[PDB]
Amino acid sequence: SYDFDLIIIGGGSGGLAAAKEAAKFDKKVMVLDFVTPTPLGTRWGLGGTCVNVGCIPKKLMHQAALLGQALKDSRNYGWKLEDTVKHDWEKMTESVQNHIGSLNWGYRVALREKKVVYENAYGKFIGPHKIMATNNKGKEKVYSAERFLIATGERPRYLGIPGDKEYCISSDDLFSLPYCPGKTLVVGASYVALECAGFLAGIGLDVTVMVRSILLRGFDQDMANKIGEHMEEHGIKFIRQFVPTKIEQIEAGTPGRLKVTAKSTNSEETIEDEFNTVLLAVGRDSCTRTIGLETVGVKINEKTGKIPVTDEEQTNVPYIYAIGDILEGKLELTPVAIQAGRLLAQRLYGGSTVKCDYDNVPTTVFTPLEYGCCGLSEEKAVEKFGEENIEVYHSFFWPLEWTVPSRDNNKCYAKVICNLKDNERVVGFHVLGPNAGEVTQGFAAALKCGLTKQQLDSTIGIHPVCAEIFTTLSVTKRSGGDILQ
């Protein structure tokens, strides 16, 4: 018989959630987790991308930037605070790493209490029902299991140019960087790029963002553009329609000096500039190519690296499942991986028939001005239902907290997208402003219940809170009405 009921390959958000849930049904479970180091040698503990080099440290550094702004705001509220307050990168990073270390330990303890075997080893299939585990010393051991769950996540992509691995960093290195990045170039335009750029500027750095085409491809573009305009007003420089072709080291150091050469995407024009740090945020690649899928028959999308799965998270191979960021056509989010993992365990071992619902899943981008959304972008809604059947209600708003400091009127923005063919069903929700994620969450539940504009209008606001703007939206884009407060 098999060594385990279930072996899980990857101890991140999805893998750990599935492992804890499967162990409630008295199953024998092993989790394999290993962190291959970045090209410059960075590694970390158990818990995956989110805990170590993703959501958690990112939000903490965003909070540090927010706190910088709160120091300024406090003066008009009467706090007698000295004029210049400087920021200490090492102190910040030490507190972030301390918290991450406690999570690393929490997860190890938790697996032990649930009687899940944890092996700090890299897993690679070698034949049906069999996997090889290789630890940090190169010792190999072979294990078998009745079922397997692939939850290996992704890792940052490089550009394939001279000097990129040698001199640049990615998000994987940023969050434990042992020196202040200094003058920084962020290459890319994903949410990670913009978030990182945002918090680095918010702690006082000179930041530049180099963008291949557009910001936040896949997100509502009018929202994306407002985010960018706000970043630019707060001193972040944008270089539009360029990609780096090489990175050269002018001087080593911590940080050193780097010369970046870059080429226009739509012409032959070339540019050069120098930076202390270059952060590459040009996508992520799925960890699906070096895990012996070919020895067990698992098919993947050879071009993207993603794994297609059934609506129960089964690969083409019936005893092998997959969840999380490696899935094709799903979403790269922690709570999605967590829900997929828990529900999977419940279907396999608890008799449940409930499937993970990947529709209308909310997100938030933690740019200096935060952006929460759920459902369709305006352009997707127009594509799906037709322009004549879509009504968009919108407004600017001004958080009360920002009045006394006297800043940033008419930046925060709210809209809902309604389908006129279906009782003005709210098919998209978008907010730009503080605590955007806190705002969005409950409206995402309301979308699950079929919220219509009429229901939304009958809902009473809470005063004085930003979110209440959603209960009185009466001006449509189609009307051409003015929406400046």
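Numbering starts at 1 and follows the sequence shown.
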Would you mind comparing 4 to 12 and 474 to 482 for me and telling me which has the higher average C-alpha temperature factor in the entry?
-> 474 to 482
Stretch exceeding the other in mean C-alpha B-factor - 320 to 328, 125 to 133 | 125 to 133
For the listed 190, 84, 152, 363, which has the peak Cα B-factor recorded in the PDB entry?
-> 84
Based on the PDB entry, the highest CA temperature factor among the options 342, 257, 394, 284 is that of 257
Chain-relative C-alpha B factor for residue 59 (record values, thirds): the lowest
Once the chain's modelled residues are ordered by C-alpha B factor and cut into thirds, is residue 140 in the lowest, middle or highest one?
-> highest
Lowest, middle or highest third - CA B-factor, residue 19 | middle
Using the B-factors in the PDB entry, rank residue 209's C-alpha atom against the chain and give the third, lowest, middle or highest.
-> middle
Can you tell me which third, lowest, middle or highest, the CA B-factor of residue 99 falls into for its chain?
-> lowest
